[PDB]
Structures are given as C-alpha cells and as structure tokens.
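Close look at the chain arrangement
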Amino acid sequence: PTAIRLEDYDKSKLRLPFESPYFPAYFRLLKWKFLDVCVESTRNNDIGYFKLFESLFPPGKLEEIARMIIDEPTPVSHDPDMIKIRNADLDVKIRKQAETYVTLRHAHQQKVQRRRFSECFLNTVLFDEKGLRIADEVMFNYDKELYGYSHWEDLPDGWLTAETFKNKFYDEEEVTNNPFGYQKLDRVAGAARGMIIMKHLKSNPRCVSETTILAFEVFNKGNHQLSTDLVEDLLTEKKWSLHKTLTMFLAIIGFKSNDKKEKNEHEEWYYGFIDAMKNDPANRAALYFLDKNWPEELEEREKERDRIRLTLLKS
Amino acid sequence: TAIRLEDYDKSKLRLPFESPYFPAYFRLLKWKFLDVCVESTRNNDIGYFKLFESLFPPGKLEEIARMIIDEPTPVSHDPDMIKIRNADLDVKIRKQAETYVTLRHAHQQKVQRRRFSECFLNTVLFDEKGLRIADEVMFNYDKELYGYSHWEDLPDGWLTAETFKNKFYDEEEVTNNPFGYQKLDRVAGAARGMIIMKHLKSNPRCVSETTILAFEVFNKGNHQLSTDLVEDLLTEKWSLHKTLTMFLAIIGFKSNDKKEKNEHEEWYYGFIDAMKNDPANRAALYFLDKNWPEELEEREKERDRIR
C-alpha cells in the first residue's frame, strides 16, 4: 500500500488551510495529541517521528530532548534517600509513610523533566513555519479526519461561530505580523482550567447545545484521546488533563450560532465561557489574557440586561 | 593582557551565576545586552552575535543576526510602489499613495527587527550555556554593570533582597529550572513602567524608593542604551528597557529599620497600588499573584490599627 502524499490530497473542503493567519494557533490546541503521536511512534530504541525535526535544533540537541522525554526512569530502589530509610531501622508504620513520600517525590521529579523537555520540543517546532509544515504532514499521515478537523474540513461557508472565534481569540495586529508566533488563543487556552469551565457551562441554561458538543469532542471523539500512558500522566494533576482543556477550545468551532443572529444571541456561547471563567482565581487570571477590559464589559452587559427587563414589565 | 573571568575575584557577589534567582534578574538587562551585541557589529559582520552560533542550527545564527542589523530592502522595489509609478496618477495622489506604502514598509521592518531580536534573546538567555557566554559578554563590556547584575558589594543582611526573591519568584518554578521563565520575567515584561512611576511619585509611603528609581532609569549611564537601533525598537518618551530597569533598581531600596514597625515591604504594596488603576498593569499584576485583590483588600482594609 503506497501512502497518499499531502500535496496530492484535495484541500478544497478546508475553511482553515495552513496559509490562514488563524491556523497555527488553532493547530496548537492539538499540541499534546501531536506530542502523543511522536511518542507513540518510538518503536525499539529509535526516536521515531521526533527525528523529522532534527534540522530545527543544534546538532545532537534533538536526540537529547527526545530521550529526556521517552527514557525510562531510574528505579526508586536506587534512590539515595530510599536506601537510607530502609537501613535506618524505623518503626514499620513510619518507614512505609517515609517510603511513599520518597516514591511520590521520585515520580514528580521525573514529570518535571519530561514536561521541561516536551515544552522545549513543542515551543521550537510549532512556532516555526518549516516546523509546522512537518507537523501538518505528521498529523495527515496519522489520521486524515484529525488533519481535516484541524483545518475545518466540510465547514459551512457562512459559519458565524467561526467569525466570533477569530474576533475574540486573536488580536488583529499580532496575528497579521506573525501568524506562527504566540497568539491570544495560546495564552488563554494554556492558562485556563477546563474542569471548572465544563462544570459552570453545564449549569448555564443558555449553553445547553454547546455543552453537548463539548462533552462529545472531549470524551467520546476517539482521535481527541491520547494513546500513550507517558503523555497522559504528564498532563494529569475523575481526573482532568491539560489536553482536555485545549480540546474544549478546539471543539468551539462546532457550536451553531447562525439562527441566533436575529435575536442578537449569536455570541451567547462566548459570554457563557466568560461567566464560566470569572469564578476562580486561575481562570479569572486567564480572562485578563482574553480581554484586559472584561470586568467593565461584564458590568455594562448586566446594566443593559437590567434596562431591557424593566421596559418588558410595563405591559 | 586579557583579564579572564576565571581569574576575577567574585567573592563580593551576593547573587552569583550559580544562584537560583540570578537568571531572571540578569534578563532585566536583556534589552541592554541586545544593545551591546548590536554596538559590536563593525565591518558589515555580526560582531559578538557569532559567540552564540552553537545554540542554533548551522547558519541560523547568521540569518537571525542579519535580520536584526542589516539595511532594509529598498522601498523603490516594493511591488505596490512599482504599480503606483506605472499607474500614471496625478502628482499629488501619487505622492500620497507612496507615503502609505513607505509607512507600512517601515512598520514591517520594525516588526521583523523585533521578531528576530526576540528570537535571539529567548534562545540564548533561557539556556545555561547561552547564559555563560552572555555573562562573559557583559564582563568584557563593563565590569561595574557585570557586578550590578550579580549584586557586587551588597550588604549580607539586606532585607529588600529577601522580599524581592520571595514576591517575584515561585519556589517550585525557580528550584526546578532557574534558567527557565519566572514570575519576574512575566510581570516585568507585561508592566507599563511610565504609569507605575507616576503613582509612586504621588504615594507618600514611597518617597525614598522613587528617588532611587528616578536616578537608576534617567541618570545612570550604564542602564542606558548606546545604539539608535534598539532604543528606537523599544519606543512606544519611554521604552521597554526603562520598565525592566525599574525592577532592576529595586535591590537599592533601604528597608531594614522599618521591620520593627512591620512596614519593611511597603515598596512592594506601593508597587501594587501603582499598577492596579489601568487595565494593562492590573493584568500584569495577575502574573505577580493570582490572589492579589483579596490580599490587597485584607492588607489595605485593616483600619482597626488606625483606631
């Protein structure tokens, strides 16, 4: 079976091609799934797909980074403090407590290395045109549907949700100057804590249709799920993940807001997200990346809401 | 004969290279360090930039350095300009069109200079080897400035030093990778200096501290850029370098005697008051602390001591 080359494939159905200013940031909502695919591809003592990025680092630096990510941890039985505990002749109950604290510290120190060198790879390759080209083709060869989803394949022409997304999640000047550079989207999605946003949107009577799309694209879409244990536990603090948070912002494009323009409710999902992020200090901080004037715009919006409610009673 | 770094004393430094809190503190001079590398470009070559070759893929350093120092492509060869001259417009309409093309030609070049400058600084100043090369560049340029970045001849029991490292760094982030991004890098980068200076000058609690800040930003020659290329790159007159200099100058604050009356960290709370009254600076505060409005309320609402 001869592999279909990217340059051959249609690309007429994509509403967000590679060359779109708004593509690099949108694609980077799959950065953890992209890392997952590169890690999955390592078969036997090879660095797998990671090697396709060696041109983007100084000679030999790529190999170092890849290893630091996939290298098996040293056994916790060889830890100097572990060995000292097991030789100290402690009361059984105290020894076992100490041992668990050394085991947890050991895993945490491994997680810190894996995250550091993962972020060194991703921030080098996914913010460079040549590197995004390679990443685009890697995703295409992995799963055509996911490639499509990252490019808005078979999306309608007049999709009003797409316009709101482009308008509120990118700064016009920043995305025009360097599309491959850091965008508002990368800051908000990265700072946000998805679990608390999912809980508040589920309790919003306005955002019932939107929550249904979010629930499906986060939990039940098979190619929005990580294949490796390594990347899964790297992003997990029943349990939420950093990939689940990004997959929520990814899924936003599916929201239907064409019919709600007549009643001026077409941005209800966006203001619903703001009301789902204003509650806790982490997401509240994430909102100040999205819009520096969000608390003043929130009070305006609630003044006019109260102004309309008053005129409606007099009937 | 060459005065090697290995030979130098370094015993008076309270913030040596090996200190967890050094990398972030050094990167407050990141705009001055760019200025130094651009000063060194002499006979149509990249000067000090070449010392960082190993930290990029082969050739990459050459491209980046160029994109920063090179002369722009002549605007007489912009494709839109060529079409204006061929369209045969009225002289007055032609010249007005030509100015719209000229203005975006300059702006595009300011954006390319800034982009590739940021690409250099971000690669070399957040890596240990990169920081070694950078340390020696400043040492060979100015011994005093080298010392200032390391707290040369600073008191042992200095309290503003202990407050600074407690409020501008996260314990876990700074212990894991000192060379990586810290709260300080985020806060100083997002801050709008000109406004913070204005509020502290109106703040009666902070009067000694403002006099130090006004001197280290406007009077001190070592904290001033020598190149047009960098000072013009950081101009909105105020600059991004002047914002970073305000954070650098904090180590000079005399707060030890105010410990007894528990006002030894009044400079920090005064800074928070100075950058909470505009959208951009209060967004910068959320980097310094995620819980700052509740901490500011309980600290600035205890008027039971005023009774």
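Residues numbered from 1 in each chain as written, not as in the entry; some residues may be left out. Chains lettered and ligands numbered in written order. Heavy atoms only, no water.

- Structure determination for this entry, per the PDB record, employed X-ray crystallography and reached 2.80 Å resolution.

1. Overview of the overall build of chain A
- For chain A, the count of helices and strands is 17 helices and zero strands.
- Viewed in the frame of its principal axes, chain A has a C-alpha envelope of about 85 × 60 × 35 Å.
- Evaluated residue by residue, chain A yields a buried proportion of 46% over its 315 residues.
- Within chain A, the 54 negative side-chain charges are centred at a point lying 5 Å from the centre of the 49 positive side-chain charges. (Helix = DSSP H or I, 4+ residues; strand = E, 2+ residues; numbered from the N terminus. Buried < 20%, exposed > 50% of the residue type's maximum accessible area, 1.4 Å probe, protein only. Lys, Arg positive; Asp, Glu negative; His and termini not counted. Charge placed at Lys NZ, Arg CZ, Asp CG, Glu CD.)

2. Concerning the overall build of chain B
- Each helix and strand in chain B was counted, giving 17 helices and zero strands.
- In terms of its C-alpha atoms, chain B occupies a principal-axis envelope of roughly 80 × 55 × 35 Å.
- The buried share among the 307 residues of chain B stands at 47%.
- Counting only carbon and sulfur atoms, one obtains 50% of the accessible surface of chain B, whose full area is about 16,700 Å².
- A distance of 4 Å separates the average location of the 47 positive side-chain charges in chain B from that of its 54 negative side-chain charges. (Areas by Shrake-Rupley, 256 points an atom, 1.4 Å probe, with all protein chains shown as cover.)

3. Overview of the pattern of salt bridges
Residue and element names in this part refer to chain B.
- Following the criterion strictly, the structure yields 55 salt bridges over all chains and no others.
- Taking the shortest distance from any N to any O, the salt bridge between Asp7 and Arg4 comes out at 2.7 Å.
- Taking the relative accessible area as the measure of exposure, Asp7 reaches 49% and is therefore partly exposed.
- On the accessibility criterion, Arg4 (45% relative accessible area) is partly exposed.
- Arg66 is paired through a salt bridge with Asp45; the nearest N and O atoms lie 4.0 Å apart. (Salt bridge = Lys/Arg side-chain N within 4 Å of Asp/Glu carboxyl O.)

4. Quick word on helix α3 (residues 61-70) of chain A
Residue and element names in this part refer to chain A.
- Taken as a whole, α3 has its buried residues at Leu62, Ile65, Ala66, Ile69 and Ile70. The arc that holds the buried residues of α3, viewed along the axis, is 120 degrees, so those residues lie on one side.
- The inward-facing, buried residues of α3 abut α2 (31-40), α5 (92-125) and α13 (229-235). (Arc of directions from axis to C-beta. Contact = heavy atoms within 4.5 Å.)

5. Notes on the packing of helix α4 (residues 79-87) of chain B against helix α5 (residues 91-124) of chain B
Residue and element names in this part refer to chain B.
- Close contact between α4 and α5 brings their axes to 10 Å; oriented N to C, the two are set at 175 degrees. One element, α4, and the other, α5, form an angle in the roughly antiparallel class. Contacts from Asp80, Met81, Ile84 and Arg85 in α4 reach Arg94, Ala97, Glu98, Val101, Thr102 and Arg104 in α5.
- When its residues are assigned to classes, the contact of α4 with α5 shows four nonpolar, one polar and five charged. (Axes fitted to C-alpha atoms, helices over the stretch in contact; angles between N-to-C directions. Parallel < 35°, antiparallel > 145°, perpendicular 65-115°, else oblique. Nonpolar A, V, L, I, M, F, W, Y, C, P; charged D, E, K, R; others polar.)

6. Regarding the interface of chain A and chain B
- With 22 residues of chain A in contact, the opposing surface of chain B contributes 21 residues.
- Carbon and sulfur atoms make up 56% of the area that chain A and chain B hide from each other, which totals about 1,600 Å².
- By the criterion of area lost to chain B, the three top residues of chain A are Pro58, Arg284 and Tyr288 of chain A, representing 26% of everything that side buries.
- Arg284 of chain A is the salt-bridge partner of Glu294 of chain B, the closest N and O atoms lying 3.1 Å from each other.
- Along the contact surface separating chain A from chain B lie seven residue pairs in polar contact.
- Contributions of two or more residues to the side of chain A that touches chain B are made by α5, α9 (172-177), α16 (281-290) and α17 (294-313) of chain A.
- With six residues, the single largest contributor to the side of chain A that touches chain B is α16 of chain A.
- Here the residues of the side of chain A that touches chain B sort into 11 nonpolar, five polar and six charged. (Buried area = accessible area lost by both parts, 1.4 Å probe. Polar contact = N/O pair within 3.5 Å; in protein donor to acceptor, adjacent residues only side chain to side chain.)

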